[PDB]
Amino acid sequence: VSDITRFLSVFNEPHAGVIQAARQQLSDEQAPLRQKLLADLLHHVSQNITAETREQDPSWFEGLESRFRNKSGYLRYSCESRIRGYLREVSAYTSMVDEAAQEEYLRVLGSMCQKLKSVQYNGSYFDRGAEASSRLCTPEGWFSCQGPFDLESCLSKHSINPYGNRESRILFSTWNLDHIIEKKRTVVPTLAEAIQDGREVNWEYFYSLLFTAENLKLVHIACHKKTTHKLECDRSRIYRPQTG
């Protein structure tokens, strides 16, 4: 059954008449399953990961505004958006906070924003060619599913390289940056409750929870459990230590 090696051998490296071959078998209608595999294979091969600029691989950029000249640049922007989205969701909550603590909330929410700008909304997480302690991918653009929140790794071994294909760039939209300790369900509200407590809040902790890879797992959609994460915040890290 060692057969396969010879198969993965030819179907991996493109630049051949294989691309112009698989396409023919596709045009020439076939069974649903065979058509699938064939469509997938063409996808797998019709790729150009190495290209970085719109000039050398404009296909990738189809549909993206013009400001986007570089791939890393777009993905960086994309990541910044999800995270900026989390910051918005956090402000929207100021209303469900006690009017008495509503001021401090905004004060705290302001600090988190400065720090976010200070780090450029962590857009660094999606762009290869960034410090290795910042990116979530290999310098080639390969991301690995980190498995569901309640597991150590991805049992299916999901991966994806949004950099070498237009469809690939779009599928990455389905990959989620999932909060281990749910942000809406638990972190934000705990944040509110902590600010009303009276003790000085260690907002940096909530920052970690809300916008950092410390509490974010990058998962493929099949590893995004939409069920409740039965986790809670760390009682001991919520408030700033009183220096006795």
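Don't overthink the numbering: it's just position in the shown sequence, from 1.
- Between 54 to 62 and 184 to 192, it is 54 to 62 that carries the larger average Cα temperature factor according to the deposited entry.
- For the pair 95 to 103 and 133 to 141, the mean B factor over Cα atoms is greater in 95 to 103.
- For the set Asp197, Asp178, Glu214, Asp28, the PDB entry assigns the largest Cα B-factor to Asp28.
- Compared with the other modelled residues of the chain, the Cα B-factor recorded for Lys226 ranks in the highest third.
- Per the PDB record, residue ranking by Cα B-factor puts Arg6 in the highest third of the chain.
- In the PDB entry, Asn70 places in the highest third of its chain by CA B-factor.
- Remark: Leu218 belongs to the lowest third of its chain, ranked by C-alpha B-factor as recorded.
- Among the modelled residues of the chain, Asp234 sits in the lowest third by CA temperature factor in this PDB entry.
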